[PDB]
Amino acid sequence: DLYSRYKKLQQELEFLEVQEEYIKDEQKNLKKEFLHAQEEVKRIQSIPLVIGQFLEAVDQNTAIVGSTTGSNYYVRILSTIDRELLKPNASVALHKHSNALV
Amino acid sequence: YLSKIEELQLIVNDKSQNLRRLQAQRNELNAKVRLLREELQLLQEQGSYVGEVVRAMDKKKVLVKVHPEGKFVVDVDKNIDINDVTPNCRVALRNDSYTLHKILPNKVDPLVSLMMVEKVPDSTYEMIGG
Amino acid sequence: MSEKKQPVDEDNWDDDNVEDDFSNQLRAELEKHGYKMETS
Amino acid sequence: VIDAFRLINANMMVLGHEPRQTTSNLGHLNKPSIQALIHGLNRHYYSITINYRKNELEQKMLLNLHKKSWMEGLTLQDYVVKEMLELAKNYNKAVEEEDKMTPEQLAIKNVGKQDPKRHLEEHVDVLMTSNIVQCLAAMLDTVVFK
Amino acid sequence: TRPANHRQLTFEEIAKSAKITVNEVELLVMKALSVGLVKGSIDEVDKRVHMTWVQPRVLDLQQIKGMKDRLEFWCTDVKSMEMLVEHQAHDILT
Amino acid sequence: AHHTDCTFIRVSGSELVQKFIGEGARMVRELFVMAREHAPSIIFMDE
Amino acid sequence: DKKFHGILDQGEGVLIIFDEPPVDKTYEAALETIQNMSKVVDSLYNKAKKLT
Amino acid sequence: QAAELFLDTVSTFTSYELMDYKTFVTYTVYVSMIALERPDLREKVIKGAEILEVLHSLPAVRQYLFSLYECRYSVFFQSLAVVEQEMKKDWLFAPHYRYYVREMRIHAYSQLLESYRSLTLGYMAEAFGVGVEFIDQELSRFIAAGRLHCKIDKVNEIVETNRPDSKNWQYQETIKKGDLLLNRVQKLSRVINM
Amino acid sequence: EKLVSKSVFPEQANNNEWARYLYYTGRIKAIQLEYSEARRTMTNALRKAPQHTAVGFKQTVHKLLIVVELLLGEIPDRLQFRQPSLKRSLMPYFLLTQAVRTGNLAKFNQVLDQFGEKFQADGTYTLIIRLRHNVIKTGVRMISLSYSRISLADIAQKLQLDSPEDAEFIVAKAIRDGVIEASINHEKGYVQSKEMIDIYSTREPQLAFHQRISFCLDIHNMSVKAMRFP
Amino acid sequence: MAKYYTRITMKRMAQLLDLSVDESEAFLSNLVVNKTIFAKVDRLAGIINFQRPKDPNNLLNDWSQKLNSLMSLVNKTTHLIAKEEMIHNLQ
Amino acid sequence: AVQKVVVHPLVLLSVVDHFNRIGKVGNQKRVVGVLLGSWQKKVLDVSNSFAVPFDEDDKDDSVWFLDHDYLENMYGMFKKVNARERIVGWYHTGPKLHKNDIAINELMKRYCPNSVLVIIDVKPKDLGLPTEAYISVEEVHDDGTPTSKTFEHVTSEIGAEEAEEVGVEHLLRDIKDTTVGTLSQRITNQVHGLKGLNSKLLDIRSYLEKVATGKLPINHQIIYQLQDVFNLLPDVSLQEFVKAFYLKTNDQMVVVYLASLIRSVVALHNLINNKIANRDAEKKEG
């Protein structure tokens with residue numbers, strides 16, 4: 001059945017190449033989504049931000065801070081900001097709605 | 001040989017599946033980075049207030065003073081036991097229902113700077129003289 | 001993967017190029033070059 | 001942020017508030033779910049799903065007026081380019097020269113235990129896009145004009 | 001009237017143009033240049049003009065230069081080259 | 001302090017707290033409470 | 001050494017005294033390429049040892 | 001390396017290997033000028049406090065060291081000949097006697113040429129030895145070696161100048177490092193690529 | 001026939017095999033009088049020698065490169081590589097390189113007779129036989145780099161030409177190929193030998209210093225090839 | 001003196017400056033004391049090259065020409081529609 | 001006056017919605033509405049607008065009706081919603097301007113002291129922007145054209161709004177530098193090469209066509225004056241632009257080289273990052 005097997009192997013390559021195109025096409029679509037989401041992370045920072053003072057970091061991705069109002073809040077630190085800057089109380093911009101460390 | 005060696009040529013084309021695995025890994029890798037941005041939708045949620053527990057009572061009720069306001073009785077969350085709550089502990093009160101979201105440490109006044117444990121002084125036991 | 005095949009067919013270097021350049025020359029040893037200028 | 005709400009009658013409370021003949025639409029309705037403040041006053045009201053009405057030419061005119069208009073699309077003159085570029089290219093390359101030291105550290109490091117090495121400094125794409133687009137001004141130099 | 005090429009002209013033609021002697025035109029071209037009604041670049045190698053900005057009161061004839069003699073014909077050439085950019089990188093356009 | 005294996009607290013500061021406009025019992029009551037949190041602790045006083 | 005910053009400016013009739021020798025690209029690339037190739041040398045050691 | 005490690009002129013003590021501190025100085029001046037740039041030569045040897053007394057003792061060493069800095073080309077060429085006899089006679093300096101003299105001649109030729117883009121060979125003769133042909137033959141051989149970074153001319157009898165490294169040799173400097181740098185990657189990729 | 005037989009296989013997975021192909025391909029060009037292409041091929045072949053090739057092996061590859069460069073007339077000193085086994089076979093070539101620099105034919109003749117053996121074993125002895133005439137070319141190349149506008153009589157003194165007319169004949173040979181335009185006046189100008197001008201990596205070499213970058217930038221293919229392997 | 005001219009004679013410029021050619025170098029030293037700039041004059045050819053002093057990269061020259069030539073083209077197109085409409089007004 | 005005419009996006013959509021509202025009758029062939037905007041400065045910005053019922057007739061373009069009541073009542077109610085809002089002009093579709101427009105303009109001039117006409121096209125095409133700005137004024141032409149009363153083109157822009165493309169752009173969008181120089185150059189060549197040629201072609205055709213139907217090939221000073229400004233570059237033969245040699249050509253090489261030399265360095269960083277990424281990280285048999 002060598003003649004039949006030649007057709008069977010040929011079919012396997014044809015199916016694989018047909019599928020191979022799909023992965024690249026979806027991957028390109030994912031690249032566009034990554035850029036759009038990255039812009040959204042930049043967007044939260046741009047809106048007017050209430051001034052705040054860092055107080056303590058309970059854990060990575062979270063912090064305890066006192067704003068100009070002074071009320072202490074369990075805010076979430078943004079991933080992009082360098083962690084070393086966060087440790088000194090210094091001053092941290094807070095998103096008005098989130099209160100997060102923008 | 002024409003129909004028994006041409007099938008062998010299709011075996012050469014089998015290596016494209018190995019390339020498909022490499023691209024499949026990239027599809028997952030891109031998915032992971034975008035999923036991290038989907039995780040960043042969490043940053044939108046409002047932060048819970050930070051308050052100190054004056055004392056605890058039974059039936060999942062704790063007396064916690066808000067930092068700029070007044071005493072509030074709060075319902076403890078399932079994650080933290082009433083036993084875990086203690087007097088003079090800086091818990092987090094939920095933004096809407098004032099619930100006990102979590103227990104936060106570092107409940108200490110300016111004296112923390114005085115600790116001076118960090119940046120331990122240069123080793124000098126050998127440098128000391130007689 | 002030794003080729004083989006073709007067997008059938010500073011401390012002592014670096015200055016070798018410089019030495020080769022004037023190995024034939026420097027018979028004057030510089031002092032004669034000065035004497036040649038004196039004759040000139 | 002806009003959301004749409006319709007009240008539910010107290011008499012209707014005994015009856016099921018919203019019988020569903022279609023599971024998928026309820027699932028789409030489920031995706032918004034409820035807001036914590038809305039949950040506080042949710043009783044006596046039911047959230048109703050809101051979707052953009054079909055937009056075709058309306059979508060097309062804003063679409064035409066987005067990249068061409070809302071974003072910069074002069075097109076006749078859409079294509080600094082050679083004045084401050086030399087400063088930007090030197091500055092990013094200088095940042096890379098300092099940044100590349102972290103990758104040099106990773107290769108030298110035995111790294112038996114995995115540790116962050118500040119790699120993926122990248123900026124290679126940023127340099128590539130800036131140098132190539134400015135080099136594409138050659139098309140303006142000898143083709144778009146004379 | 002002439003953009004480049006014929007715009008550049010000998011001092012003697014300017015001498016005829018200013019109705020003055022060629023030796024005199026070396027002095028005369030400077031006086032004509034002095035009026036500086038139109039900002040331009042002038043080379044005194046042959047007193048050739050090849051200058052920059054000029055304001056014509058009106059275009060000569062039927063604006064023949066404006067037709068395929070200068071404009072339009074060059075624009076037709078550009079779009080064919082634009083097609084060459086598309087052919088060079090059709091996949092990139094996506 | 002370098003060769004300790006214990007929390008080292010340095011309290012050579014004078015009185016800014018207590019009944020002044022500052023804070024209450026910070027120099028002593030608070031310092032001991034922080035030392036309680038870190039059980040192996042040594043406090044160095046310079047006055 | 002330092003001076004007018006013009007080499008033998010005796011012939012010209014227009015004058016050419018100027019010095020412009022600090023292009024950042026030449027210096028920054030020359031340093032980075034030497035430093036980058038150090039990764040190439042080090043990477044060879046890491047890969048070769050695992051390879052054999 | 002010796003000129004750098006002979007920085008300890010201040011404290012050579014009276015080492016037995018040195019016949020005298022005076023001998024150590026004669027070696028340090030001889031070794032440093034070959035390997036020292038003009039900014040270092042003024043800072044370390046011409047303005048050197050300890051070396052100056054020792055060169056006060058030796059008139060020849062003082063004239064030879066001073067002439068290169070003073071740009072007294074005629075005196076140094078004669079002085080270099082006196083140095084050659086001493087270098088050949090000296091043990092531990094005889095093996096490189098030829099390299100020292102020619103390298104000094106290359107450094108001397110570079111110094112006067114750096115100032116002028118155009119130099120008549122007659123002018124070079126006036127600065128150095130009188131014979132024009134002898135400067136010309138050294139010029140051609142040094143130019144051939146790649147030393148003297150200049151292009152000679154005949155009949156016009158004017159020596160011109162070569163391109164600056166910053167002006168255009170920066171491209172050459174990137175390519176020279178690049179050729180070895182690129183060559184490494186070509187060989188390396190094959191080993192993992194197999 | 002081998003040149004026509006040449007096909008694809010740029011994979012060169014062995015790499016040593018590519019050096020082996022290059023070593024003969026360079027040999028073919030050297031015997032075919034394409035010395036300039038051959039030296040580059042030999043250098044590429046010399047670089048790909050992972051195996052020790054310590055005795056009588058790499059030395060043969062080195063021998064071909066040095067002879068072809070000498071055939072070009074550019075003089076390569078042996079100090080750059082100088083492998084000890086290359087050195088044992090290089091006692092002839094090294095003296096021959098000194099002989100090429102020297103104007104003494106008798107020294108070259110002594111080297112040819114005394115060291116004819118071993119070079120004949122290498123099989124590059126025929127290249128040495130052609131090199132005997134090539135000694136004159138080395139001097140002219142030195143003159144072209146050294147003098148922008150040398151006198152015709154001076155060229156006659158430098159290369160010891162018997163007559164000025166013989167020197168003019170040598171100047172026509174000097175133009176040859178791959179050297180700066182002589183642009184000889186044939187009168188007062190003599191060997192003007194004017195060098196290329198405006199070679200400042202500016203507009204005149206704008207193709208010159210941009211083409212060099214294109215090749216290195218083309219090697220960015222390595223990022224695509226390795227990325228494919230996972 | 002500036003102007004856009006290129007090969008105007010330096011001796012003629014001295015005559016235009018109303019000072020003697022023999023003492024012109026001293027008279028032009030007055031220009032040096034004024035230190036107005038060095039627009040450039042080639043005395044070897046006896047020509048004042050008063051067009052450009054110290055040549056920088058001509059990056060702006062392409063940028064300004066490109067911005068203006070393109071801007072004039074849209075301006076021409078924007079006016080073009082009105083005139084085309086006027087022929088259509090009678091058509 | 002009317003130095004620039006920014007049109008808010010909400011108004012730009014409003015014209016299209018009206019065309020659909022009257023889409024049942026295609027006889028009108030245009031949409032006419034009162035245009036309300038604020039003259040905060042010389043810049044004119046159009047804001048919320050309403051459409052007055054109007055009929056345009058092919059019979060001599062004299063049968064035109066504008067309802068005084070609709071214009072007055074709606075404007076007053078809309079002004080009650082926005083104090084800043086005021087009549088600033090009128091908007092019409094029908095890209096070719098009808099002769100009747102000037103008569104409608106006179107009524108528009110009466111309602112607003114410095115009113116403007118925006119010829120927004122409900123069906124968008126390609127190039128430029130949808131709105132066309134025309135202001136009709138009466139003056140004596142310097143050359144001496146009789147009457148000299150005509151609409152004059154003015155610069156037009158798009159207004160700024162928030163959360164407006166969530167309805168539309170969310171489906172697509174391309175806000176990145178990835179497509180810069182990949183397709184952006186293609187669009188400019190696509191339009192400057194063809195659309196710029198088309199307007200010049202209209203004038204080149206006008207050399208005989210303007211004689212045949214156009215006002216005049218030798219007319220409207222800017223026909224030659226603006227074209228001569230466009231011909232800042234000579235246009236033919238020597239040119240002295242890219243043929244400068246020592247000037248622009250030498251500079252083009254210096255910048256292209258400085259830009260190119262980074263790419264050789266750029267390749268080095270990218271290639272070695274791939275070698276560590278695949279040669280070491282992929283090769284982990286364990």
# chains A, B, ... in the order shown; residues from 1 in each chain; ligands from 1

call {"tool": "interface_residues", "arguments": {"of": "chain I", "to": "chain K", "cutoff": "9 Å", "atoms": "only C-alpha atoms", "output": "number ranges by chain"}}
result
I: 201-204, 206-207, 209-210, 213-224, 226-230

call {"tool": "select_by_dssp", "arguments": {"residues": "chain C", "states": "helix (DSSP H, G or I)", "output": "PyMOL selection string"}}
result
chain C and resi 15-23+31-39

call {"tool": "residues_around", "arguments": {"residues": "residue 17 in chain C", "least_positions_apart": "6", "cutoff": "8 Å", "atoms": "only C-alpha atoms", "output": "number ranges by chain"}}
result
I: 77-79

call {"tool": "residues_around", "arguments": {"residues": "range 40-54 of chain I", "least_positions_apart": "5", "cutoff": "6 Å", "atoms": "only C-alpha atoms", "output": "PyMOL selection string"}}
result
(chain C and resi 2) or (chain I and resi 19+22-23+26+65)

call {"tool": "select_by_dssp", "arguments": {"residues": "chain F", "states": "strand (DSSP E)", "output": "ChimeraX atom specification"}}
result
/F:7-10,41-44

call {"tool": "residues_around", "arguments": {"residues": "range 15-19 of chain B", "least_positions_apart": "6", "cutoff": "12 Å", "atoms": "only C-alpha atoms", "output": "list in words"}}
result
residues 12, 13, 14, 15, 16, 17, 18, 19, 20, 21, 23 and 24 of chain A; 9, 25 and 26 of chain B; 225, 226, 227, 228, 229 and 230 of chain I

call {"tool": "residues_around", "arguments": {"residues": "residue 127 in chain I", "least_positions_apart": "3", "cutoff": "10 Å", "atoms": "only C-alpha atoms", "output": "list in words"}}
result
residues 30, 31, 33, 64, 67, 68, 70, 71, 119, 123, 124, 130, 131 and 132 of chain I

call {"tool": "write_last_selection", "arguments": {"atoms": "C-alpha atoms", "output": "short mmCIF file (atom, residue, chain, number, x, y, z; two decimals), in the first residue's frame"}}
result
data_model
loop_
_atom_site.label_atom_id
_atom_site.label_comp_id
_atom_site.auth_asym_id
_atom_site.auth_seq_id
_atom_site.Cartn_x
_atom_site.Cartn_y
_atom_site.Cartn_z
CA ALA I 30 45.19 29.91 -7.39
CA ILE I 31 46.24 27.50 -10.19
CA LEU I 33 45.38 32.58 -11.86
CA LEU I 64 48.58 28.30 0.16
CA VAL I 67 52.02 32.09 -1.45
CA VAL I 68 48.85 33.56 -3.09
CA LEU I 70 52.93 36.95 -2.27
CA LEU I 71 51.65 36.28 -5.84
CA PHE I 119 57.60 23.14 -1.65
CA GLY I 123 52.46 21.04 -4.84
CA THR I 124 52.57 24.86 -4.74
CA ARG I 130 55.42 32.02 -11.49
CA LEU I 131 56.37 34.13 -8.39
CA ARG I 132 59.97 34.53 -9.67
#

call {"tool": "residues_around", "arguments": {"residues": "range 153-156 of chain K", "least_positions_apart": "4", "cutoff": "6 Å", "atoms": "only C-alpha atoms", "output": "ChimeraX atom specification"}}
result
/K:4-6,133-134

call {"tool": "atom_distance", "arguments": {"atom1": "CA of residue 116 in chain B", "atom2": "CA of residue 16 in chain F"}}
result
18.1 Å

call {"tool": "closest_atom_pairs", "arguments": {"of": "chain D", "to": "chain G", "cutoff": "9 Å", "atoms": "only C-alpha atoms", "output": "Markdown table"}}
result
| residue | atom | partner | partner_atom | distance |
| --- | --- | --- | --- | --- |
| D:86 | CA | G:25 | CA | 9.0 |
| D:87 | CA | G:24 | CA | 9.0 |
| D:89 | CA | G:25 | CA | 8.2 |
| D:90 | CA | G:24 | CA | 6.0 |
| D:91 | CA | G:24 | CA | 8.7 |
| D:93 | CA | G:28 | CA | 7.0 |
| D:94 | CA | G:28 | CA | 6.3 |
| D:96 | CA | G:32 | CA | 8.2 |
| D:97 | CA | G:32 | CA | 5.4 |
| D:98 | CA | G:32 | CA | 8.6 |
| D:100 | CA | G:36 | CA | 7.2 |
| D:101 | CA | G:35 | CA | 7.6 |
| D:103 | CA | G:39 | CA | 7.5 |
| D:104 | CA | G:39 | CA | 5.3 |
| D:105 | CA | G:39 | CA | 8.5 |
| D:106 | CA | G:39 | CA | 8.8 |
| D:107 | CA | G:42 | CA | 5.8 |
| D:108 | CA | G:42 | CA | 6.0 |
| D:110 | CA | G:46 | CA | 8.5 |

call {"tool": "write_last_selection", "arguments": {"atoms": "C-alpha atoms", "output": "PDB file, in the first residue's frame"}}
result
ATOM      1  CA  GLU D  86      20.771  62.335  16.098  1.00  0.00           C
ATOM      2  CA  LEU D  87      20.322  63.312  19.775  1.00  0.00           C
ATOM      3  CA  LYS D  89      19.648  57.883  18.589  1.00  0.00           C
ATOM      4  CA  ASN D  90      22.807  58.716  20.618  1.00  0.00           C
ATOM      5  CA  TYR D  91      20.836  58.862  23.920  1.00  0.00           C
ATOM      6  CA  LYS D  93      22.297  53.816  22.396  1.00  0.00           C
ATOM      7  CA  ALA D  94      23.996  55.261  25.521  1.00  0.00           C
ATOM      8  CA  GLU D  96      21.754  50.428  25.879  1.00  0.00           C
ATOM      9  CA  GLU D  97      25.526  50.590  26.567  1.00  0.00           C
ATOM     10  CA  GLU D  98      24.784  50.861  30.321  1.00  0.00           C
ATOM     11  CA  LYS D 100      23.815  45.741  28.144  1.00  0.00           C
ATOM     12  CA  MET D 101      26.112  45.424  31.210  1.00  0.00           C
ATOM     13  CA  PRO D 103      23.165  40.839  30.121  1.00  0.00           C
ATOM     14  CA  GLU D 104      27.015  40.733  30.338  1.00  0.00           C
ATOM     15  CA  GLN D 105      26.548  39.992  34.080  1.00  0.00           C
ATOM     16  CA  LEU D 106      24.056  37.141  33.348  1.00  0.00           C
ATOM     17  CA  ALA D 107      26.397  35.300  30.914  1.00  0.00           C
ATOM     18  CA  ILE D 108      29.377  35.607  33.342  1.00  0.00           C
ATOM     19  CA  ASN D 110      27.058  30.846  37.013  1.00  0.00           C
TER      20      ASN D 110
END

call {"tool": "interface_residues", "arguments": {"of": "chain J", "to": "chain G", "cutoff": "7 Å", "atoms": "only C-alpha atoms", "output": "PyMOL selection string"}}
result
chain J and resi 40-44

call {"tool": "decode", "arguments": {"residues": "range 49-76 of chain A", "atoms": "N, CA and C atoms", "output": "mmCIF file, in the first residue's frame"}}
result
data_model
loop_
_atom_site.group_PDB
_atom_site.id
_atom_site.type_symbol
_atom_site.label_atom_id
_atom_site.label_comp_id
_atom_site.auth_asym_id
_atom_site.auth_seq_id
_atom_site.Cartn_x
_atom_site.Cartn_y
_atom_site.Cartn_z
ATOM 1 N N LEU A 49 -4.292 62.853 39.117
ATOM 2 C CA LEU A 49 -4.019 61.921 40.244
ATOM 3 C C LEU A 49 -3.964 62.657 41.582
ATOM 4 N N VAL A 50 -4.695 62.178 42.595
ATOM 5 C CA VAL A 50 -4.595 62.787 43.958
ATOM 6 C C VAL A 50 -3.206 62.469 44.532
ATOM 7 N N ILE A 51 -2.580 63.434 45.209
ATOM 8 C CA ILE A 51 -1.211 63.229 45.769
ATOM 9 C C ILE A 51 -1.317 62.323 46.999
ATOM 10 N N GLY A 52 -0.306 61.484 47.237
ATOM 11 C CA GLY A 52 -0.337 60.554 48.380
ATOM 12 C C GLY A 52 1.047 60.311 48.942
ATOM 13 N N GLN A 53 1.132 59.806 50.173
ATOM 14 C CA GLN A 53 2.445 59.456 50.775
ATOM 15 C C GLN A 53 2.457 57.949 51.062
ATOM 16 N N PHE A 54 3.474 57.233 50.574
ATOM 17 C CA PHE A 54 3.591 55.773 50.823
ATOM 18 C C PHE A 54 3.829 55.561 52.318
ATOM 19 N N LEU A 55 3.233 54.527 52.910
ATOM 20 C CA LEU A 55 3.550 54.271 54.337
ATOM 21 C C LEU A 55 4.233 52.909 54.499
ATOM 22 N N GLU A 56 3.603 51.835 54.020
ATOM 23 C CA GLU A 56 4.163 50.475 54.242
ATOM 24 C C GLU A 56 3.827 49.570 53.058
ATOM 25 N N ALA A 57 4.670 48.578 52.756
ATOM 26 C CA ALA A 57 4.301 47.593 51.713
ATOM 27 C C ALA A 57 3.960 46.283 52.427
ATOM 28 N N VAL A 58 2.680 45.911 52.449
ATOM 29 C CA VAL A 58 2.271 44.631 53.095
ATOM 30 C C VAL A 58 2.926 43.489 52.316
ATOM 31 N N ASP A 59 2.885 43.560 50.985
ATOM 32 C CA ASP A 59 3.499 42.517 50.122
ATOM 33 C C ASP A 59 3.693 43.112 48.727
ATOM 34 N N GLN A 60 4.420 42.421 47.849
ATOM 35 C CA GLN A 60 4.559 42.911 46.454
ATOM 36 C C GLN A 60 3.164 42.967 45.826
ATOM 37 N N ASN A 61 2.869 44.017 45.048
ATOM 38 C CA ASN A 61 1.558 44.181 44.355
ATOM 39 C C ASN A 61 0.532 44.822 45.300
ATOM 40 N N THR A 62 0.932 45.149 46.529
ATOM 41 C CA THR A 62 -0.003 45.873 47.431
ATOM 42 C C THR A 62 0.774 46.872 48.292
ATOM 43 N N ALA A 63 0.092 47.890 48.824
ATOM 44 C CA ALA A 63 0.764 48.850 49.730
ATOM 45 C C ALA A 63 -0.238 49.543 50.655
ATOM 46 N N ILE A 64 0.248 50.109 51.760
ATOM 47 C CA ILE A 64 -0.616 50.893 52.687
ATOM 48 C C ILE A 64 -0.119 52.331 52.545
ATOM 49 N N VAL A 65 -0.993 53.273 52.173
ATOM 50 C CA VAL A 65 -0.508 54.662 51.908
ATOM 51 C C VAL A 65 -1.487 55.690 52.473
ATOM 52 N N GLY A 66 -0.982 56.871 52.831
ATOM 53 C CA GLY A 66 -1.865 57.952 53.303
ATOM 54 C C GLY A 66 -1.914 59.054 52.264
ATOM 55 N N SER A 67 -3.112 59.431 51.813
ATOM 56 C CA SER A 67 -3.258 60.441 50.731
ATOM 57 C C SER A 67 -3.220 61.856 51.310
ATOM 58 N N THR A 68 -3.501 62.866 50.487
ATOM 59 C CA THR A 68 -3.605 64.248 51.020
ATOM 60 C C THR A 68 -4.759 64.256 52.018
ATOM 61 N N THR A 69 -5.827 63.508 51.724
ATOM 62 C CA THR A 69 -6.937 63.369 52.701
ATOM 63 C C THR A 69 -6.321 62.741 53.947
ATOM 64 N N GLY A 70 -5.364 61.832 53.755
ATOM 65 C CA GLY A 70 -4.644 61.218 54.885
ATOM 66 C C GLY A 70 -5.178 59.843 55.207
ATOM 67 N N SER A 71 -6.389 59.532 54.747
ATOM 68 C CA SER A 71 -6.987 58.227 55.121
ATOM 69 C C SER A 71 -6.088 57.115 54.581
ATOM 70 N N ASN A 72 -5.773 56.134 55.424
ATOM 71 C CA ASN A 72 -4.882 55.024 55.003
ATOM 72 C C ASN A 72 -5.700 54.036 54.163
ATOM 73 N N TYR A 73 -5.144 53.542 53.053
ATOM 74 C CA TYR A 73 -5.926 52.648 52.161
ATOM 75 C C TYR A 73 -5.095 51.432 51.749
ATOM 76 N N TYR A 74 -5.747 50.286 51.526
ATOM 77 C CA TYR A 74 -5.036 49.079 51.027
ATOM 78 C C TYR A 74 -4.967 49.212 49.504
ATOM 79 N N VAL A 75 -4.091 50.088 49.024
ATOM 80 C CA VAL A 75 -3.984 50.359 47.562
ATOM 81 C C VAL A 75 -3.152 49.269 46.881
ATOM 82 N N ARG A 76 -3.228 49.176 45.551
ATOM 83 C CA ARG A 76 -2.396 48.197 44.807
ATOM 84 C C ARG A 76 -1.327 48.957 44.022
#
